[PDB]
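Asks: Coordinates for the following, if possible.
(chains A, B, C and D, ligands or ions: 13)
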Amino acid sequence: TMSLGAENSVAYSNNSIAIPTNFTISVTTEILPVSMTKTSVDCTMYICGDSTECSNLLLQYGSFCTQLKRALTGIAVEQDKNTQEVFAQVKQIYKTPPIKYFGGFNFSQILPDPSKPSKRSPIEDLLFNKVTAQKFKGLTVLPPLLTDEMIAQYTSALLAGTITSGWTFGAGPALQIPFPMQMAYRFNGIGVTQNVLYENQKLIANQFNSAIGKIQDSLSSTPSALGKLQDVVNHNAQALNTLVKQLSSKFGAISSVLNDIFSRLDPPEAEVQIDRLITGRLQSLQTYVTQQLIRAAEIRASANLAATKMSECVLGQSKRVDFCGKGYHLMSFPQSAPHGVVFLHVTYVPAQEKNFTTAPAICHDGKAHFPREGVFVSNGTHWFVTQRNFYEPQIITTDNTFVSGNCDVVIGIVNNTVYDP
Amino acid sequence: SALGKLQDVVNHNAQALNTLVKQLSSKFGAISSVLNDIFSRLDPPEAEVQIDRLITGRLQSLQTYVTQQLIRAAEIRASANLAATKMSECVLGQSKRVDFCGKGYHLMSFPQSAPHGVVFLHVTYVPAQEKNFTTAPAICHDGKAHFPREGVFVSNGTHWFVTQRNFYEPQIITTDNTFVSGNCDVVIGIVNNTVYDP
Amino acid sequence: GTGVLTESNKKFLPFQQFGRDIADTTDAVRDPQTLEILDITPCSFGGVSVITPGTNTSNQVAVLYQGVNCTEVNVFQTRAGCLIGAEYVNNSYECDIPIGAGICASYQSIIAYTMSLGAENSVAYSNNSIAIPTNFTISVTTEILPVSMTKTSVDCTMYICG
Amino acid sequence: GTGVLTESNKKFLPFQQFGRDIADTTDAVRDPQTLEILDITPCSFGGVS
Ligand SMILES: *[C@@H]1O[C@H](CO)[C@@H](O[C@@H]2O[C@H](CO)[C@@H](O)[C@H](O)[C@H]2NC(C)=O)[C@H](O)[C@H]1NC(C)=O
Ligand SMILES: *[C@@H]1O[C@H](CO)[C@@H](O[C@@H]2O[C@H](CO)[C@@H](O)[C@H](O)[C@H]2NC(C)=O)[C@H](O)[C@H]1NC(C)=O
Ligand SMILES: *[C@@H]1O[C@H](CO)[C@@H](O[C@@H]2O[C@H](CO)[C@@H](O)[C@H](O)[C@H]2NC(C)=O)[C@H](O)[C@H]1NC(C)=O
Ligand SMILES: *[C@@H]1O[C@H](CO)[C@@H](O[C@@H]2O[C@H](CO)[C@@H](O)[C@H](O)[C@H]2NC(C)=O)[C@H](O)[C@H]1NC(C)=O
Ligand SMILES: *[C@@H]1O[C@H](CO)[C@@H](O[C@@H]2O[C@H](CO)[C@@H](O)[C@H](O)[C@H]2NC(C)=O)[C@H](O)[C@H]1NC(C)=O
Ligand SMILES: *[C@@H]1O[C@H](CO)[C@@H](O[C@@H]2O[C@H](CO)[C@@H](O)[C@H](O)[C@H]2NC(C)=O)[C@H](O)[C@H]1NC(C)=O
Ligand SMILES: *[C@@H]1O[C@H](CO)[C@@H](O[C@@H]2O[C@H](CO)[C@@H](O)[C@H](O)[C@H]2NC(C)=O)[C@H](O)[C@H]1NC(C)=O
Ligand SMILES: *[C@@H]1O[C@H](CO)[C@@H](O[C@@H]2O[C@H](CO)[C@@H](O)[C@H](O)[C@H]2NC(C)=O)[C@H](O)[C@H]1NC(C)=O
Ligand SMILES: *[C@@H]1O[C@H](CO)[C@@H](O[C@@H]2O[C@H](CO)[C@@H](O)[C@H](O)[C@H]2NC(C)=O)[C@H](O)[C@H]1NC(C)=O
Ligand SMILES: *[C@@H]1O[C@H](CO)[C@@H](O)[C@H](O)[C@H]1NC(C)=O
Ligand SMILES: *[C@@H]1O[C@H](CO)[C@@H](O)[C@H](O)[C@H]1NC(C)=O
Ligand SMILES: *[C@@H]1O[C@H](CO)[C@@H](O)[C@H](O)[C@H]1NC(C)=O
Ligand SMILES: *[C@@H]1O[C@H](CO)[C@@H](O)[C@H](O)[C@H]1NC(C)=O
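Replies: Residues are numbered from 1 along each chain as shown, chains lettered A, B, ... in the order given. Ligands and ions are numbered 1, 2, ... in the order given. Next comes the structure:
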């Protein structure tokens, strides 16, 4: 019987709180397919081949070939529209500065490598390596409009923009900002003050570098991490293969070769036999097209989700919970992949929590003092006020508290002095 | 070409319906495509199979049309759900999601009706005329490090000011708009300066 | 049959006469006159598409054969196929008519070019410099979204029968 | 065929006899006598709810 999870009862009481005293910078991945392979079929040559009176008989059925070709063309252009929507989000190609010092942060594992002939970042190269015949039946694969070089260039431009200019380049002109200051801004976004970053910058840089290395190793050593893209490839390949094997079926006819039937019988029943064969092949092709349409709709939904993720988690900071990775979102970096995109979500995670005794307000001289932004805590003898997401005890004064009424209405108010500077 | 999507909806429906009506004049391997001529030409024993195959073909065409309509309806329903979310989040309020309600910082949007659709006018705030400055993370003063409360420290070359991030409006650095946290020995990049006490 | 017969490296056993493939089609065969091995490859084929600038501007067109090396068919060889009627240009503009594999075609005669990815830019990043706007611009944009399609109904007897 | 016959302004050429719609069904016809031009319109029909 499968285990639901590890049992964990948390100690809840009406005057106890827990405040983290440390954190951990965590990096996660998220693989999303964007586009599937564009295929085109040759109806006249798949259905019949080299027989011309076969085409003459086919012409009497109607314009099924026209409808099939129109549907396939619509899917093919939809794939390119998906790629444009996801990736072509910046109209200017930014470049990283020649010097690669960003206050200790190490971005070599995601920035393009000039040594590689393809100018791809090491993680992009690993992703390409981790993801992997002749059909004369009339089934052809159209090349994508955007080559992998151009997608890599878009990704590099986005990385340079989000490194040198923060999120400003996603809402107007790019404005340069030193990276530690951008990181402080991003902490200030999630309710942790700037001094927290500035006083332990090197520790955070080391944590970020180690997390990036761990992600690279985890992708290298785990073959099932890129499952979704491989599922896309496998689905298309198996669909084409089933379509190919559908040719070796008699469909109830006495034989399954055009020349054999043309040579063995007279027209009066050869016509009926070929009608049966062509009808069967037409139903097979129609089924293939319908499945292609459904799969294309699903892939389009996934591509729209990926475009939203790129707009929100990359070109800015997202307050939505779990949308851009577990924990408090700091920033994310995109990486390209075959028929997909990979996000590296950098996030803030509290750790090393500590229990405390808390009170809703402080009664002093018949007045009730509430915290402006922090929370009242006490190690057991003295009271302090600290921000919620980090332990930074501060003396309770009249500048970090505000007065609201007397101390006769609040439930749980406690007695203490409030220092006045 | 601004209104391409609605016209595409209209064109898709019209062309699908026209394909359905034109397919009605297809032989489907018959001697004739008019059921009346079939009825005035052959014995019922073979008129039966003639009509059978003709009717089966027409029914298959109608089934294909219905399936295409279902797929298009699902796509349009997805678009309509997106439009409802956009209305609720950009019109009935202000959205902080990037690029959801237009390029730039969103202020407000106004809806407009359209044939088989809706049109949004996203009003947005866009910065311009940027100016470079020299910045520092904190200010050291009497052994104390001062950080901005909501602003950012900038310098035009000789004096230091604190200003809001998205607009240039310099102010004198006082203890009102800055807060102290530790000494000025641990932070990297701190700069000496005075802090006016009101 | 119809195809191109080439010398084959296949080496099937003396009792073995024909050769099939995945799709159950004879792709290898042995000459009755002289016991040698041949491969059957279908003659070169592909789809053809027309690059038109619109009849309201000109009647010139550019023909794009798909997936054929045009030594076997103002001529340009792309990854998608061989393009005839348009000349390659070293410059780069935005994509007007997409061909494929990063090639786009436009009318100015008809020209084919590598699409310009974007206006190149480099921002001056340094570790003690910041840029702050001094002015703003109120911008208004549009967004068109379809909501509902046309409600349709059919009459089974009126359509299937007459 | 079944329908309602109305006077038509369609200008048949002297050799033309019938009239076809998009679906290749007779729409306008010329009566054998009086050599007149007519339209064929199906009788009223619709759904019931
Ligand atoms: C803070 O104190 C509370 C209670 O004083 C701790 O809750 C107990 O933790 C121990 C540790 O294993 C458990 O065995 C007890 O069952 C908990 N109490 C209850 C009522 O469940 C809490 O763990 C302390 N915080 C930290 C971080 O240690
Ligand atoms: C917060 O946690 C970090 C690690 O998560 C602590 O840093 C470690 O400190 C010990 C002792 O100083 C070193 O041996 C380790 O090498 C450090 N880790 C890293 C990754 O550098 C840090 O000390 C914690 N802070 C507090 C206040 O407890
Ligand atoms: C940033 O990270 C890269 C990659 O980890 C570091 O490159 C390493 O450099 C050392 C010595 O220079 C070599 O022994 C390693 O083999 C390099 N790693 C790889 C994967 O080649 C680099 O030193 C780090 N720091 C900077 C400033 O780039
Ligand atoms: C709770 O915190 C206060 C403030 O740090 C502690 O009071 C100080 O404790 C240290 C260490 O014992 C002394 O050196 C200081 O003189 C104390 N300051 C004052 C004003 O008394 C207090 O001890 C802490 N409580 C507990 C139980 O650790
Ligand atoms: C907080 O301070 C107030 C006033 O100093 C305390 O109120 C007194 O409580 C005692 C004990 O019941 C009474 O005898 C006095 O008459 C009260 N005086 C006033 C002005 O209310 C209050 O008890 C203190 N809080 C706690 C928890 O003891
Ligand atoms: C930076 O800004 C300060 C504040 O405006 C400038 O200081 C003033 O400059 C004007 C014109 O030079 C003088 O009239 C004022 O008397 C100055 N005020 C003080 C308190 O000295 C400063 O000149 C600016 N620096 C540069 C390089 O333009
Ligand atoms: C910022 O100010 C502090 C204090 O005024 C300077 O620290 C002094 O530096 C000099 C030369 O480096 C030493 O001789 C003194 O002993 C230092 N005094 C103290 C109290 O630290 C510091 O150098 C200044 N920094 C800058 C960049 O101006
Ligand atoms: C603010 O100053 C910096 C440097 O003082 C400017 O950066 C230079 O801008 C020029 C403009 O053409 C470029 O040619 C240089 O290459 C830039 N320097 C570097 C190192 O790249 C910056 O442009 C100024 N800000 C504004 C708005 O003009
Ligand atoms: C911010 O930009 C606006 C326009 O984008 C500037 O307003 C213009 O000012 C000039 C000079 O006074 C006038 O000739 C124009 O007619 C104004 N434009 C409009 C639309 O009214 C404005 O001056 C800029 N801000 C600053 C501080 O210069
Ligand atoms: C606090 O909790 C204890 C036990 O959980 C309970 O007996 C007491 O009534 C509670 N008091 C308040 C003020 O919540
Ligand atoms: C086939 O017959 C010709 C004469 O007609 C002869 O020259 C040739 O050697 C024969 N081929 C073989 C393989 O025996
Ligand atoms: C800024 O970077 C330069 C090299 O790019 C370095 O010499 C300088 O020390 C850095 N400044 C700070 C404050 O780290
Ligand atoms: C010929 O047709 C016309 C049509 O109105 C009719 O009036 C006339 O009597 C017909 N002639 C004969 C001989 O029936």
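
Asks: OK, contacts around whichever residue of chain C sits closest to ligand 12?
Replies: Residue of chain C nearest ligand 12, by C-beta to the nearest ligand atom: residue C:127 (3.8 Å). In short, each C-beta sits where N, CA and C put it, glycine included. By C-beta atoms under 8 Å, 6 or more residues apart in numbering or on different chains, the contact list for residue C:127 reads A:101, A:102, A:103, A:178, A:179, A:180, B:189.

Asks: For residue C:121, the count of nearby residues, please.
Replies: 17 (other C-beta atoms under 10 Å in any protein chain shown).

Asks: Quick check: chain neighbours aside, which residue is closest to it?
Replies: residue A:92 (4.2 Å; C-beta to C-beta, 6 or more residues apart in numbering or on different chains).

Asks: Assess the claim that that neighbour and residue A:157 are in contact.
Replies: Yes. Between residue A:92 and residue A:157 there is a contact at 7.4 Å, judged by C-beta atoms under 8 Å.

Asks: quick one: the helices in chain C?
Replies: C:156-160 (DSSP state H).

Asks: Ligand 12 contacts on that one?
Replies: residue C:127 (C-beta under 6 Å from any ligand atom).

Asks: can you map out the strands along chain C?
Replies: C:4-7, C:28-30, C:37-41, C:48-51, C:62-66, C:75-77, C:81-84, C:87-89, C:97-100, C:103-107, C:110-114, C:119-120, C:129-146 (DSSP state E).

Asks: does any part of the last one sit near chain B?
Replies: Just to be clear, that refers to strand C:129-146. Yes. Against chain B, strand C:129-146 shows contacts by C-beta under 8 Å from any C-beta of the partner chain at C:129-146.

Asks: strands paired with that strand, and their directions?
Replies: strand B:117-135 (antiparallel) (DSSP bridges).

Asks: got it, and the third one?
Replies: For strand C:37-41, the pairing partners within the sheet under DSSP bridges are strand C:4-7 (antiparallel), strand C:28-30 (antiparallel).

Asks: got the buried residues for it?
Replies: Within strand C:37-41, the residues that qualify as buried are C:38, C:39, C:40, counting by 16 or more other C-beta atoms under 10 Å in any protein chain shown.

Asks: Tell me the residues of chain A that contact ligand 2?
Replies: A:22, A:24, A:203, A:206, A:207.

Asks: In chain C, what residue comes closest to ligand 1?
Replies: Closest point on chain C to ligand 1, by C-beta to the nearest ligand atom, is residue C:127, at 38.8 Å.

Asks: which non-adjacent residue is nearest residue 50?
Replies: Unless you meant another one, I'm taking chain A. Nearest one to residue A:50, counting by C-beta to C-beta, 6+ apart, is residue C:2 at 5.1 Å.

Asks: try again with chain C
Replies: Once flanking residues are discounted, residue C:50 sits nearest to residue C:61: 5.1 Å by C-beta to C-beta, 6+ apart.

Asks: For the one you found, give me its contacts.
Replies: Contacts of residue C:61 (C-beta under 8 Å, 6+ apart): C:50, C:51, C:52, C:85, C:110.

Asks: Dump these into TSV; add distance to ligand 2 and neighbour count as well.
Replies: Formatted as TSV, the contacts of residue C:61 follow (distance: C-beta to the nearest ligand atom, whole Å; neighbours: other C-beta atoms under 10 Å in any protein chain shown):
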residue	distance to ligand 2	neighbour count
C:50	63	9
C:51	59	21
C:52	63	16
C:85	64	18
C:110	61	20
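
Asks: Might one say that residue C:85 is in contact with residue C:65?
Replies: No. Assessed by C-beta under 8 Å, residue C:85 is found out of contact with residue C:65, at 11.1 Å.

Asks: from the stretch 101-250 of chain A, which residue is nearest to chain B?
Replies: residue A:195 (3.8 Å; C-beta to the nearest C-beta).

Asks: Can I get stretch A:27-46 in PDB? Just the C-alpha atoms.
Replies: Output of stretch A:27-46 as PDB, limited to C-alpha atoms (Å, rounded to 0.1, in the frame of the first residue of the first chain):
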ATOM      1  CA  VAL A  27      17.700  26.200  -8.100                       C
ATOM      2  CA  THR A  28      15.200  24.000  -9.800                       C
ATOM      3  CA  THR A  29      14.400  23.000 -13.400                       C
ATOM      4  CA  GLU A  30      11.200  22.900 -15.400                       C
ATOM      5  CA  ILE A  31      11.000  21.300 -18.900                       C
ATOM      6  CA  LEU A  32       8.100  22.400 -21.200                       C
ATOM      7  CA  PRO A  33       7.600  21.300 -24.800                       C
ATOM      8  CA  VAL A  34       6.900  24.200 -27.100                       C
ATOM      9  CA  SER A  35       6.500  22.900 -30.700                       C
ATOM     10  CA  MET A  36       6.200  19.500 -32.400                       C
ATOM     11  CA  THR A  37       7.600  18.400 -35.700                       C
ATOM     12  CA  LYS A  38       5.900  19.800 -38.800                       C
ATOM     13  CA  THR A  39       4.900  17.100 -41.200                       C
ATOM     14  CA  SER A  40       3.400  17.200 -44.700                       C
ATOM     15  CA  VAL A  41       1.900  14.300 -46.700                       C
ATOM     16  CA  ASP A  42       1.600  13.600 -50.400                       C
ATOM     17  CA  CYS A  43      -1.900  12.300 -50.800                       C
ATOM     18  CA  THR A  44      -1.800  11.400 -54.500                       C
ATOM     19  CA  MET A  45       1.400   9.400 -54.000                       C
ATOM     20  CA  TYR A  46       0.700   7.900 -50.600                       C
END
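
Asks: What parts of chain C come near chain B?
Replies: Going by C-beta under 8 Å from any C-beta, the residues of chain C near chain B are C:124, C:127-150, C:152, C:154, C:156, C:159-162.

Asks: Can you name the residues that contact the closest residue to residue C:29 other than its chain neighbours?
Replies: Spatially, and ignoring its direct neighbours in sequence, residue C:29 is nearest to residue C:38 (5.4 Å; C-beta to C-beta, 6+ apart). Residue C:38 makes contact with C:5, C:6, C:7, C:8, C:28, C:29, C:30, C:31 under the criterion C-beta under 8 Å, 6+ apart.

Asks: The closest residue to residue C:97 other than its chain neighbours: neighbour count?
Replies: Counting by C-beta to C-beta, 6+ apart, residue C:97 lies nearest to residue C:105, which is 4.7 Å off, once chain neighbours are set aside. For residue C:105, the neighbour count with other C-beta under 10 Å is 24.
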